[PDB]
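See structure below.
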Amino acid sequence: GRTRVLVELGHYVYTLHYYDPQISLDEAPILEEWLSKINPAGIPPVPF
Amino acid sequence: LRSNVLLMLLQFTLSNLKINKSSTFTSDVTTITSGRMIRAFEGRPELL
């Protein structure tokens with residue numbers, strides 16, 4: 001709980017992951033997978 | 049020494065009497081310069 005990053009994409013393709021509310025999950029590997037595919041060429045769809 | 053240096057400079061000049069030729073120009077599709085008409089070193093990225 002230290003840094004809050006705003007990321008300025010004007011328009012972007014999103015993809016969403018429906019979870020059960022009865023299941024605990026750290027959402028870092030869902031978004032570290034998104035970070036693992038960003039190159040200067042492109043950006044994979046944002047995992048909401 | 050003045051002979052050997054100057055004869056090297058003649059060997060510096062006559063080695064270098066070429067014609068500059070434009071290769072091919074693509075747009076920089078990636079985000080590094082974002083659309084600048086880069087020199088397209090196609091087969092040799094080690095010089096780009």
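Residue numbers (the working numbering), protein chains in the order written: chain A, 1 to 48; chain B, 49 to 96. Where is the CB? At the ideal position from N, CA and C, for every residue including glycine.
What's the gap between the Cα of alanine 41 of chain A and the Cα of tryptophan 34 of chain A?
Roughly 14 Å between the two C-alpha positions.
Strictly under 8 Å for the Cβ-Cβ distance: is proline 44 of chain A near chain B by that measure?
Not an interface residue.
How big is the Cα-Cα spacing for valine 53 of chain B and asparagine 68 of chain B?
Their Cα atoms are separated by approximately 27 Å.
Does any C-beta atom of chain A lie closer than 8 Å to the C-beta of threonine 81 of chain B?
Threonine 81 of chain B does not count as touching chain A.
In the DSSP assignment, find the beta strand (DSSP E) that holds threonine 74 of chain B and state where it starts and stops.
Unbroken beta strand (DSSP E) run through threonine 74 of chain B: 73–75.
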